[PDB]
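Below is one structure, written out as structure tokens; comments come after it.
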Amino acid sequence: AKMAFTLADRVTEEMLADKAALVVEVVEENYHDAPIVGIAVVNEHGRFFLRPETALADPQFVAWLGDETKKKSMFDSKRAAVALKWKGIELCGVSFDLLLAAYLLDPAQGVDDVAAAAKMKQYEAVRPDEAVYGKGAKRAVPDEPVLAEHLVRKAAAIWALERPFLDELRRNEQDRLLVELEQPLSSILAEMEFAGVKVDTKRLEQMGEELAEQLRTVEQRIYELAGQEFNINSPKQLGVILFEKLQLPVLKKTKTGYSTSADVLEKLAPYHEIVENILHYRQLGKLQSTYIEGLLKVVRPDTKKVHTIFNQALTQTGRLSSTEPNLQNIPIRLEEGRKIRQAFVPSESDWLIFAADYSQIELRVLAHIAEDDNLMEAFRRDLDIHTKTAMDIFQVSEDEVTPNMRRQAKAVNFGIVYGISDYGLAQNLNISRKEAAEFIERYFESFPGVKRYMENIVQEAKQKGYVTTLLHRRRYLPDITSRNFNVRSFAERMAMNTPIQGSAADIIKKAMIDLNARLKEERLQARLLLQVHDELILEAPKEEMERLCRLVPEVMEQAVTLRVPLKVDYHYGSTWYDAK
DNA sequence: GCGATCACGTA
DNA sequence: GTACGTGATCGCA
Ligand SMILES: [Mg+2]
């Protein structure tokens, strides 16, 4: 039951057809500067396994890889493209990416290797990567006979699966989403990852030294306030100190024991001086271990850059995620953490960081999709949307909006976006369920088109079994019919939230493609470095800043046409922190 | 070493 | 209540 293929000693012309399934295998999780362990080609003329030392030194093979008119079908072509970039080799002509095709057809499947995608079309003549390479410490590259068969089977699967996947994308009206949005974006993300972001490691180390002294001070304050030493990092040990020794009231339970979440601790602060010190310890220790030590661990000493990996085929909404490091959760809310961003610097002297962010893109998308007259008019007037929402639900003039009224309207606006619920709003504003219900009802009285949209999209999700975004991304919601209230209610909130969050994701991806094209047309040296969901981060020569100030907001604002304007804020400076 | 759990940072 | 990734602990081998 094995496959017939050539174990090739040299590259022949028949391996260089103008259409082929191509496998450029990178087994290490983090593919930056990682080994390519083997290569398989399936085309009209046969099935071929090439050792990479042979293939990647062959001028004809490298020219074929780089020829845009030689079309390749692959799985996770960004992984191969980036690993080849580190070897100075350009991958072009990737016309079909099976990982992205499977992701668009059903993000919930968790498709992470060829075998999982193949199973979607009843094709099982390929093993899961985990069965071949192993898991964790057992992970290893097998001997060439076993490796070569696996790589040819993956290429053979890709060769056979392109047509049924493209046929279903076509029936879904998602063919352009793959070919004009996700596949071009993959090349852009590959360039961004390869370029990396320069880190000022000396400044991080100096911050780490300052945190370690502060942490030493707080931890001794906690040990004297507790009258005892314990592992403050251990939620169990801390729970014994607070709730058994010090007898603090138990306000929240976790499945395992006592909650020690920052939410609970804030409420316990009036009872004992220790609680404020634990919160302070938690803040500082999060910065030190996750953002100082964690960041320093993944800076490449050869470049002094971090080279993130964007996962383009993971989230259920169409957002990107970012790993090793995750550069989409660098602190910004609190000032002490915000100073971490001073460590992210331009990669050349006399360059600057330029950052541009959409203003309230998710509420603007909702205004467009719901066609809510009041919400649309608020954005057409470029109002402060949280102040305007407070005015409406409290029925007060703008000068009667107090800071706390705006804070509660902002929390409603966040809930509306995320799938509004009695319980989650109540928990967030620390109010009762009945009170949160009244807030939501007053919101829907002020925004009746938003109410109609929320009712209609839930009905559409039940009828069709999925919801869609502006650019035809879809998310299936089988739990929408569950008779379990909690399971059904989460699916209803996803029906509400996904067209909003997913459409905002669609727009920023289109902005990234349009921006990359405009930068090349303008012959700017400016480079995209990062996307953080509603924001784009670039670096550029300081002599390009004035041009970027006009170009980048205009490209982002024109990425799609909605019934309301899109608004982009932007800043630049010497570090990511100063791009504020 | 592995996985369940808790906590917390972003959007 | 959205969507994630990471670090630490802990009890299991
Ligand atoms: Mg913003």
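Heavy-atom basis, side chains included; hydrogens, waters and symmetry copies ignored. Letters A, B, ... mirror the listed sequences (proteins, then strands); counts begin at 1.
Side chains of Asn231(A) and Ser234(A): no donor on one and acceptor on the other come within 3.5 Å. Counting only N and O atoms by type, the side chains of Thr468(A) and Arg474(A) include no donor and acceptor under 3.5 Å apart. Residues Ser261(A) and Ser259(A) have side chains that bring a donor and an acceptor to within less than 3.5 angstrom of each other. For the residue pair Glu182(A) / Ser186(A), no side-chain donor-acceptor distance below 3.5 Å is found, with atom types taken as modelled. Counted by atom type alone, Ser489(A) and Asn486(A) present zero donor-acceptor pairs between their side chains at under 3.5 Å. If you check the side chains of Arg282(A) and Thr260(A), you find a donor sitting under 3.5 Å from an acceptor.
Among the nucleotides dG1(C), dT5(B), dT6(C), the one closest to any side-chain atom of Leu425(A) is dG1(C). Side-chain proximity of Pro235(A) to the nucleotides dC10(C), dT2(C), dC6(B) is greatest for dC6(B). For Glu293(A), the side-chain atoms get nearest to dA8(C) when compared with the rest of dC6(B), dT2(C), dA8(C). Here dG9(B) is the nucleotide among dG9(B), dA8(C), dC2(B) with the atom lying nearest to any side-chain atom of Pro331(A). Among the nucleotides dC10(C), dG5(C), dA7(B), the one closest to any side-chain atom of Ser321(A) is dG5(C). Taking every side-chain heavy atom of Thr315(A) into account, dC4(C) is the closest of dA7(B), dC4(C), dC6(B). Side-chain proximity of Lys255(A) to the nucleotides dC6(B), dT2(C), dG9(B) is greatest for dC6(B). Checked against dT9(C), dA7(B), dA11(B), the side chain of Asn233(A) finds its nearest nucleotide in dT9(C). When the nucleotides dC8(B), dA8(C), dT9(C) are ranked by their closest atom to the side chain of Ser261(A), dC8(B) comes out on top.
Applying the 4.0 Å criterion to OP1 and OP2 of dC10(C), one finds that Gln237(A) has a side-chain N or O inside that range. Within the structure, every side-chain polar atom (N or O) of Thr317(A) is placed at least 4.0 Å from both OP1 and OP2 of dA3(C).
Note on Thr498(A): nothing from the nucleic acid sits closer than 4.0 angstrom, heavy atoms only. Among the heavy atoms of the strands, none lies under 4.0 Å from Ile500(A). Counting non-hydrogen atoms under 4.0 angstrom, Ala504(A) reaches nothing in the nucleic acid. In this structure, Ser421(A) reaches the bases: a heavy-atom distance under 4.0 Å links it to at least one base atom across the strands shown. Residue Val532(A) is in sugar-phosphate contact alone, with no base atom involved, counting any heavy-atom pair closer than 4.0 Å across all strands shown. Within 4.0 Å of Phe414(A), counting heavy atoms only, lies no atom of the nucleic acid at all. Within the 4.0 angstrom heavy-atom criterion, no nucleotide atom of any strand lies near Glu535(A). Backbone-only engagement by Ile332(A) is indicated by non-hydrogen atom pairs under 4.0 Å involving sugar-phosphate atoms exclusively. Contact annotation for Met494(A): backbone-only contact, meaning every heavy-atom pair under 4.0 Å involves sugar-phosphate atoms and none involves a base. Within the nucleic acid shown, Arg475(A) comes within 4.0 Å of sugar-phosphate atoms alone, with no base atom in reach, counting heavy atoms only. Here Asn231(A) lies in heavy-atom contact (under 4.0 Å) with sugar-phosphate atoms only. Within the nucleic acid shown, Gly415(A) comes within 4.0 Å of at least one base atom, counting heavy atoms only. If you check every strand for non-hydrogen atoms under 4.0 Å, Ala505(A) touches nothing. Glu324(A) comes within 4.0 angstrom of the backbone, heavy atoms only, and of no base.
A positive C1'-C2'-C3'-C4' angle places the sugar of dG9(B) in the north (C3'-endo) family. Judged by the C1'-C2'-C3'-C4' torsion, the sugar of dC6(B) sits on the south side, since the angle is negative.
Using a distance-only test at 3.5 Å, with no hydrogens or angles considered, a donor-acceptor pair links the side chain of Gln328(A) to the main chain of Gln531(A). Side-chain N or O atoms of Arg473(A) include none that pairs as donor or acceptor with a backbone N or O of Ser503(A) at under 3.5 Å.
Between the side chain of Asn329(A) and the base of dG9(B), a donor-acceptor pair under 3.5 Å is found.
Between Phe444(A) and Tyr453(A), the gap from one ring centroid to the other reaches at least 6.0 Å.
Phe194(A) meets the ring pair (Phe, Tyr, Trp, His ring centres under 6.0 Å) test with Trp86(A); sequence neighbours excluded.
Of the residues in residues 441-464 of chain A, none lies under 4.0 Å from DNA chain B by heavy-atom distance.
In DNA chain B, stems built from 3 or more consecutive Watson-Crick or G-U wobble pairs, each with both distances under 3.5 Å, span B:4-10 with C:3-9.
Using the six-membered ring where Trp is involved, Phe354(A) and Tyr570(A) have ring planes that are parallel, under 30° apart on the 30 and 60° scheme.
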